[PDB]
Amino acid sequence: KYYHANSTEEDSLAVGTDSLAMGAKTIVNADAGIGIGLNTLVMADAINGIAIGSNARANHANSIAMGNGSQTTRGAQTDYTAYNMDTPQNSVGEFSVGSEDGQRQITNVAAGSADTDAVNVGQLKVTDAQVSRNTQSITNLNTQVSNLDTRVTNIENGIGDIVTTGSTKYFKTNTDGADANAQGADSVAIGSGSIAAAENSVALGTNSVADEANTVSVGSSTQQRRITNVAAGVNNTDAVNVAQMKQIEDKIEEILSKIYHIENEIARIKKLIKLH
């Protein structure tokens, strides 16, 4: 003998056809069932079912109950929803290392190769080590993303009007018309359809045409602009106003009136020379 079993209680019952029943109180019923240990049971229609260890209940068909007081709790499944799997799954049985009120760890596993090999904590730690980089990057991206929201909306607040009015706080305008132009070299222009033309010129105003070299127009041939609030020229190069003109205009007036009386002077002389 090389099969010893130190017990005295009710004997093993290998009942089902071609069973196998070992240890005290071990009833085995499912055909081709196997029960090993103290008080194990392989129930009725648990075809080919195995219960190995104290109080182990092989409940299901083709499935297994391993270790003290483990049950089978599922059995073979058909077209079942496996976690993460995109298409119905199938199972020919179950291998249970536990029960409803007690699970066990599975220890000392080499990593996995085939898709139907078991995975281990070490293999999972590689994913998590990645996820946690994608994680930390997403935060590092969030701030970058946020700071560029506070940076851009400074531009659209700092600028903004320069698009609309086409101006700045010290360079306003109020126009709907066509776009301005600096045709000739070195030129400047201002206002609606402001056609500069000649060299070094300036077409200052809505629809103004400076079409001669070095000039500074304030209008066109038909529409022409006055120049208000101007000072009386001092240097030879300074512009002259009406206050200085009128002064001349009135100076002419004296001249005419002095001359008026001179001619009435000379008529009288001439009258007298014929007379006296």
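Note that residue numbering follows the sequence shown and begins at 1.
- Mean C-alpha B-factor is higher over 194 to 202 than over the other stretch, the pair under comparison being 86 to 94 and 194 to 202.
- The stretch 30 to 38 shows the higher mean C-alpha B-factor when 60 to 68 is compared against 30 to 38 in the entry.
- Taking only the listed residues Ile52, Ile47, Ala231, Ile248, the entry reports the highest CA temperature factor at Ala231.
- Of the candidates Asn140, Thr78, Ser99, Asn174, the one whose C-alpha carries the top B factor in the deposited record is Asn174.
- In the deposited entry, the Cα temperature factor of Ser132 sits in the middle third of values across the chain's modelled residues.
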